[PDB]
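This document opens with one chain alone, in structure tokens, the form deposited in one PDB entry.
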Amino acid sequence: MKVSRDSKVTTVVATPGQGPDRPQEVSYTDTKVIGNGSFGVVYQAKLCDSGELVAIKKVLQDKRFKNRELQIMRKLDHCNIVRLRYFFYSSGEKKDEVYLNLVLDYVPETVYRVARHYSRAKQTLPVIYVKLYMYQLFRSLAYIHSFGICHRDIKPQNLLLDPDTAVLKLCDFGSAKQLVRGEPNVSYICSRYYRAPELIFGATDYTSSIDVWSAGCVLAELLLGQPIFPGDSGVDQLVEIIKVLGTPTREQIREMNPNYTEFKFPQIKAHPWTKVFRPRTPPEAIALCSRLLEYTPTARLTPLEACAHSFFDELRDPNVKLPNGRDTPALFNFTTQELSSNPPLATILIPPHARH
């Protein structure tokens, strides 16, 4: 790390995200903090060459151990996942401690901040945006899951938005993990409101379907204007879930965590989805939501199947356009790896006019 002046200019030798390790000199300026936390700091910066804005995520690093988030992001190359341009190591506020720096594409907005606006304004997020955002989320989920990678922290705050192009990019892979059948995992993963019921039951053999539940929670929140399953504790959140889905059957409990099959829980009647949402809520949104928020993990739709849902039919219309006038972003440029789980969905996912 070196200091020049042409305005303060920081120069470092950083390694690119893709390809073999071929570090380049990278210069940037106009650095300012756009995020602090227990994880570390996030800076915005402007690249000297291109003038393009970037986000620099700086976290504490134990050099004796490899960084999981770095190793995961280097594999990822998708239009709905935030791109890792470069990464480098440096020193920070803690003496004799080395920091990992992640240079990512700067994205101005998040799904959270946008939805938060409509809540303050007492309006509802237009269905078109709900479709657009959710579609691109499932698209990114279909991608990472094909690598056997589970995000484990899907929430509106982690869904970056470009308001001008309506492009969504999944970020924050600091909880992501390569899920392998046979090797158990931590159940303390995933953040409040969006945790799958099996996770709340302390299951350690869960799958990537936990992300699909989180996505369902996000979808419901967009239709509702507020989180559907709030609550500080795991019990609190389960009560909310049960107050909507009804008490899970013994078999459903067995699918989540067998250790709870013998306890006699009070039988609570399920609340109809059509009463959970506003009367103006589109039937297909409700239908999609119920196919995501299932007690049994294997019963939940896969991300790819979710993209093919009728709720996203409008996005496959050739004459579709954003409210701001311009065209919708890339939605049909599916790759073979992306369609790896279920190739025949391509007949639906890729409309005839997109093949042109």
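When you see a residue number, it is the position in the sequence shown, counting from 1. Definition used throughout: the rigid core is the maximal C-alpha set that superposes within 1.5 Å between two forms. Shifts are known only where both forms have a C-alpha.
Not pictured, yet referred to below: the form deposited in another entry.
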Upon rigid core superposition, which of the listed residues (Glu183, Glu262, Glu251, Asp164) is displaced by 2 angstroms or more at its Cα between this form and the one not shown?
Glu262
For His117, is the CA shift between this form and the one not shown at least 2 Å following rigid-core superposition?
no
For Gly225, is the C-alpha shift between this form and the one not shown 2 Å or more after core superposition?
no
Relative to the superposed rigid core, does the CA atom of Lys75 travel 2 Å or more between this form and the one not shown?
no
So the CA-CA distance for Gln237 and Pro266 moves by at least 3 angstroms in that other deposited form. Closer or farther than here?
closer
At 2 Å or more of Cα shift, core superposed, where are the runs of at least three residues that differ between this form and the one not shown?
92-94, 262-266
